[PDB]
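Encoded as structure tokens, the structure appears first; notes follow it.
Positions of Cβ are generated from backbone atoms using ideal geometry, with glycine treated the same way; all protein chains shown enter the neighbour counts. Computed from the coordinates by the stated procedures, all read-outs in this text should not be read as laboratory data.
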Amino acid sequence: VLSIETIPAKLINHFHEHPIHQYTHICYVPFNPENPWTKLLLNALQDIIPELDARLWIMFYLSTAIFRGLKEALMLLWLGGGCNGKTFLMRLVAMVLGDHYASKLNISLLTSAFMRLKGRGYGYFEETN
Amino acid sequence: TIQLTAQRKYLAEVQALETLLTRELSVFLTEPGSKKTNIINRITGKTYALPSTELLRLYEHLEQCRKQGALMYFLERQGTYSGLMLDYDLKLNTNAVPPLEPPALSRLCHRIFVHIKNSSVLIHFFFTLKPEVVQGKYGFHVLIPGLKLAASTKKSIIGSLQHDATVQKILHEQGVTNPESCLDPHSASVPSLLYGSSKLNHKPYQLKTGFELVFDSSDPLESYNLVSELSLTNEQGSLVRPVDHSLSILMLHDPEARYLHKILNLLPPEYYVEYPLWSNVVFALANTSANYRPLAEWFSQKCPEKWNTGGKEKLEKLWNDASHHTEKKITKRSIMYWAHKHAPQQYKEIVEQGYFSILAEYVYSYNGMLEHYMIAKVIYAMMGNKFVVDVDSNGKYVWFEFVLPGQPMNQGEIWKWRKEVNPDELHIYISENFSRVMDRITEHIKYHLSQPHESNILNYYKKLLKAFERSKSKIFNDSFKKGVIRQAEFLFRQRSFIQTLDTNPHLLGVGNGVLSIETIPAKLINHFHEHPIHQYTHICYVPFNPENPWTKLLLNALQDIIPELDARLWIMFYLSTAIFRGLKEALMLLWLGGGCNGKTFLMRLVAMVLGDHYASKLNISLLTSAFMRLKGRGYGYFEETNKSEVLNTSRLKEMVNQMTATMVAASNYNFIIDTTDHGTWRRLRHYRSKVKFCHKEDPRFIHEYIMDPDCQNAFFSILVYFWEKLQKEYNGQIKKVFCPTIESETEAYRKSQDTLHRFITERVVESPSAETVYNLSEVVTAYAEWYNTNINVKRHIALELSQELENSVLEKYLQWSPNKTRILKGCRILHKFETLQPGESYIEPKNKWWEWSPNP
């Protein structure tokens, strides 16, 4: 059980009275550049966003996305011709977060089920023509 | 063992020992490896350093026990002061009893007396011996507990008796073929045992007589607590006066580990001498528990030659690695499978003895009144090797049975797991097989009845057998059987089993067993396996054989089916890879046919061979719009439907986008496409049939060979062999294979359908040099005018068309200008009658059919 109650984050790998049933199978480790995957991901993100400020802001937005509490009530729009890695990033974040907190949403709902977002911490869509 | 339990329940008196151990003796714990302990029991490897009080209480307890009977395994270590533990390995030439005459005893006593005179001197001589009738004959254990001289003088005396000759000639008078070497040199340095303490699989000794004498500093039976008297630590004696640890712990504290140790003796020598079998065994042990290392090093020590030469080191490189993680899809069940394969008889007696021990200890413990739970445990231990319980998606327990030959069973389920509504096989197994075990219990009980015993225990036995007889019928009562199967459901349950079914796409269920495509060559399992297989195809696998008449028949049929050779090889290899139930490469194939060509016959043949569980029919209605049906398959197909075929771009968009099947469509007319995005196009391939067959068509092909098992089998062998060939060649990377005909046909089809792609190919040419930054909406007007001259006079103007062209095949060789305009580079526009300049790139004698070269 990982808690973001107070910095630094503490992983209770033992008994605890916090009641939780939902989970994601991904295990947590402290971040470090030593991991070749860490550096590779950061370089890939830097290539994806050559801009600095925009990359930092969007990465912070995704960092806040893990919070299942109230947000600032904001909408993010992202455009890209395809196979540019933005699909790769959205698939990566969806897989990392998992079903219990992430869910794909059809374009049919927005263009016109809408209650299925309850219990999710992050929602998204996919390109449709 | 089970005998120990029978004797413990047997005796009303005997409870005192374990009550003392649990209440009073427990608080005086002693570390097993420490030397401070004085009394040790090897039953569970317990060591104790108790003072003399509870020592004499336990001495008298053992005295009453040996009065009543039973068997003990108690040991003691000689301290700095102790008596004389002497062990003689009297392995006589013949198994004829040399009765210990009083002259021989007196002469031996005088001999050891004069041995101990030339040492520290300031006595009772007690004699015991083996019950005889055993290889190695009997032994003698004389005790001299009066003195306390446990020091280097004992080693000197041992050395003197090693070289003593009078004892040698005394042994000759007893007809002993070994004058010396019967004395263990570690007699005083190893733990000994008190009277009544037996050996493993050996009865305790018996006393012949106990004498006494006196030694002068100047001049050179059943009326005593003899167990206390014989004690070396008993300073307060009445008649006498004071003148691999982990391996043992694991064996003595784990019954199943003990059974595995017993059955490991049945393993053939090749297991522990060669890497494969030993590695698989240690993998199974790691799957069992990481606590079973000592048995792993014992298995290594079973082959000391390799064990010394890195065998321990390799086990550390294996057992620990496996302990951390074991990727072997194996369990103990594989170990029992091997044991039954190699030593089926001893396997049978071992399992029967285990079942009998379990049932008998339960009967003795609970006064012969069984219940659902004991029956469930016994049936589990007996036949848990072909039944698994898992809760369905609806919250209902579901049974499965492992199909074995020799039982009523449909074609094709052999060596597989099949579902049953109720465990009827279990429901008859419990009625019949358990009856013989219960009969074994009964005959065991009446066997003890036949032995003469104490009357009260005999009455106990009549009450026990009467209660068990009353318990006979419940093995037959239906409601009791339902309770038992409920208990088994809560016992046989294996968590995380249903969702793991048919997970690996490297396993396919065939008629004659289970085939694996993990590696080349493929192995067709025709025996029991831990592998859980439910889905399967009736078609039984056949070893691929080129000379088979049906093999060459199908080779000729395929050769006539496809006039081309290399394109035939490509499509054949692709359909061979279509068997893979895992993630495919997401390609689409369109095949044309005017009728009487057999392409529908090929579709039907492959669908029938693969079966319903992995192949399903798909309707043109879905694509022109049951979508959940196509998931979970490995191959999908369609049928010819009129001439007005049309698609929906979105549907194929999620089709060309989980999906783990193969998609192929067949019709009689060219399909109509209405898309330009390269994401759609790159996942599309097309072919058109050229040859037609008429009355030459074979009606037997569409009628007889369509449902002829041999053809299907031969076809299955062909396709699996070609899977193996490609995996050897391309490792499953089908895109590497060159198909010039297929690529040319696909390009022509795209030019016919994708007007935008046709314009890109014709009037858009990449110049070898220079720049095309002038490419703007002027190009949009250019292709609008081209459409006026090609498809539609309507003016086509939309920047989103340029955006999707960027998303189209024109994605490469692009650039983002500082103003971020749709400017090209190194390109030119072909107007009317304008010609592209040079350098303007556009934008085996039938044995090959059996097996072509990797580089044709």
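Determine the equivalent ellipsoid of the range B:759-810 by diagonalising the alpha-carbon gyration tensor, then write out the semi-axes as square roots of 5 times the eigenvalues, largest first, rounded to whole Å.
Working: eigenvalues 76, 35, 24 Å².
Over the Cα atoms of the range B:759-810, the semi-axes work out to 19, 13, 11 Å.
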Review point. For the range B:605-688, what is the convex hull volume of its Cα atoms per residue in Å³?
Key: 107
Review point. So what are the radius of gyration and Dmax for the Cα set of the range B:318-381, in Å?
Key: 16.5, 47
Check your understanding: In which sequence would B:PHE402, B:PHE833, B:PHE387, B:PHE215 go, from the one with the fewest C-beta neighbours within 10 Å to the one with the most?
Key -> B:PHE833, B:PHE215, B:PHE402, B:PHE387
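One-quarter of the Cα convex hull surface for the range B:739-856, in nm²?
Result: 10.7 nm².
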Review point. Over all distinct alpha-carbon pairs, what is the Kirkwood Rh of the range B:19-87 in angstrom?
Key: 13.1
Exercise for review: In whole Å, largest first, what are the principal axis extents of the Cα atoms in the range B:542-618?
Suggested key: 34, 33, 23
Review point. Out of residues 5 or more away from B:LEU684 or on other chains, whose amide H comes under 5 Å of its own, with H placed 1.01 Å from N in the peptide plane?
Key: B:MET588
Practice item. Apply the Karplus parameterisation 6.51 cos²θ - 1.76 cosθ + 1.60, with θ equal to phi minus 60°, to every residue of the range B:97-111 and state each ³J(HN,Hα) to the nearest whole Hz, in sequence, with x for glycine and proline. Key: 5, x, x, 6, 5, x, x, 5, 4, 5, 5, 5, 4, 5, 5
**Study point:** Largest-first principal axis extents of the Cα set of the range B:341-490 (Å)
**Key:** 60, 40, 20
Check your understanding: To the nearest 500 deg cm²/dmol, what mean residue ellipticity at 222 nm is calculated for chain B from DSSP H runs of n ≥ 4 alone, each contributing -39,500 (n - 2.57), summed and divided by the residues?
Key -> -13000 deg cm²/dmol
Study note, to complete from the structure: So the compactness index of the range B:236-318, its C-alpha Rg divided by 2.2 N^0.38 Å, takes the value 1.52
Exercise for review: Whole Å is fine, so just give me how far the alpha carbon centre of the range B:477-521 lies from that of the range B:710-767.
Suggested key: 39
Revision key, fill the gap. Computed over all unlike Cα pairs, the Kirkwood hydrodynamic radius of the range B:457-497 in Å stands at 12.5
Check your understanding: Taking N as the number of residues in chain B, what is its alpha-carbon radius of gyration divided by 2.2 N^0.38 Å?
Key -> 1.49
Review point. Kirkwood Rh over Cα pairs of the range B:117-233 into Stokes-Einstein at 10 °C, 1.306 mPa s: D in µm²/s?
Key: 97
Practice item. Quick one: plug the Kirkwood hydrodynamic radius of the range B:151-218 (C-alpha pairs) into Stokes-Einstein at 20 °C, 1.002 mPa s, and report D in µm²/s. Key: 142
Exercise for review: Would you mind pulling out the separation of the Cα centroids of the range B:302-316 and the range B:617-686, in Å?
Suggested key: 59
Exercise for review: Could you work out the per residue convex hull volume over the alpha carbons of chain A, in cubic angstrom?
Suggested key: 155
Study note, to complete from the structure: One point scatterer per Cα, no solvent, Debye formula: log10 I(q)/I(0) for the range B:246-291 at q = 0.29, 0.31, 0.33 Å⁻¹ comes out as -1.14, -1.15, -1.16
Review point. If the limit is 18 Å between Cα atoms, which of B:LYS690/B:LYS736; B:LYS302/B:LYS341; B:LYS523/B:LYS725; B:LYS169/B:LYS203; A:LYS71/A:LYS118; B:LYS169/B:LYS208 go over it?
Key: B:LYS690/B:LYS736; B:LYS302/B:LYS341; B:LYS169/B:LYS203; B:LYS169/B:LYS208
Check your understanding: So what's the projected area for the range B:507-556, the Cα convex hull averaged over all directions, in nm²?
Key -> 4.3
Practice item. Please report, to one decimal in angstroms, the Kirkwood hydrodynamic radius of the range B:508-647 built from all distinct Cα-Cα pairs. Key: 17.3
Check your understanding: Can you tell me the Rg and the Dmax, both Å, for the Cα atoms in the range B:469-581?
Key -> 23.4, 81
Revision key, fill the gap. Given 20 °C, 1.002 mPa s and a Kirkwood radius over Cα pairs, the Stokes-Einstein diffusion coefficient of the range B:669-804 in µm²/s is 109
Check your understanding: So what's Rg/Rh here for the range A:1-44, counting alpha carbon atoms and using the Kirkwood radius for Rh?
Key -> 1.07
Study note, to complete from the structure: Checking rank on B:662-672, B:169-179, with mean other Cβ inside 10 Å and highest first, the result is B:662-672, B:169-179
Review point. Any idea what the alpha-carbon Rg over 2.2 N^0.38 Å comes to for the range B:335-417?
Key: 1.39
Point to revise | Of every Cα-Cα pair in the range B:247-402, the percent that sits beyond 28 Å | key: 31
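Over the whole of A:80-87, what's the average partner chain Cβ count within 10 Å per residue? Rounded to a whole number, please.
Average per residue, whole number: 3.
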